[PDB]
């Protein structure tokens, strides 16, 4: 885990009541930046705190994963999936790339729950009040109208309270299904294993506005492979490209971007857009030696 040093700082400030148990979990080799419902129950019992208070108290663990070399402003978010599992996320910024390549903690935590199989978000606890871009991103979700947003000691609020008279999928005559299960059924006989992995990500992607179903697969020095599916948004700009999603999974799993050895991008030949130019440009600012395999299908 490349972030353990910063995680240790966050742990050093955690209340004595639950720090030992949290430490045992977060410093474990395979810590995946998630907490099961059972582990959460144990944190509650041990902390003696009310639910909202405990989630807020855990935020620094999420913020410890922040990669913000442009702003040096560290944002952490905690998403409780509808299953009850908690998923951590942090913001990511890319020096030398246009700001549309930025990933917000909220987007990171939500993509983390989604790539791990959640069908929706129950609530999200955030370091700072969510910006309009994140509010709008959240409105694409299956649980847009039911999820709760929690800031420190403040009352929890629904998305609608943070984004009154919202614009969303409905306005483009489409249902709000980000996180709903899908299989686009795309198939390829390509012999490259990294392409086939990206294709699995493409097959669960959400792109009802451009039909550019797409995915990215990142192979690491360790041999691990991280997938990222495209999460498009009705307002267009809040869309989260597949690379950003893959990078987020790698980061939350404790990987260093300096350890990426290869990337693969797979997209739709009939998509109204392409992520190729931006995937290449962003990989170049990360490491110009990373080769990118590509397939339009």
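Residue numbers count along the first chain shown, from 1.
Comparing the deposited coordinates for 168 to 176 and 215 to 223, the stretch with the larger average C-alpha B-factor is 168 to 176. According to the PDB record, 188 to 196 carries the higher mean C-alpha B-factor of the two stretches 68 to 76 and 188 to 196. Based on the entry's C-alpha B-factors, the most elevated value among 249, 237, 34, 47 belongs to 47.
Sorting the modelled residues of the chain by their CA temperature factor places residue 156 in the highest third.
Among the modelled residues of the chain, residue 129 sits in the highest third by CA temperature factor in this PDB entry. Residue-level temperature factors show residue 28 in the highest third of its chain, judged at the C-alpha atom.
In this PDB entry, residue 261 carries a Cα temperature factor that places it within the middle third of its chain's modelled residues.
Placement of the Cα temperature factor of residue 279 within the chain: lowest third of the modelled residues, per the deposited record.
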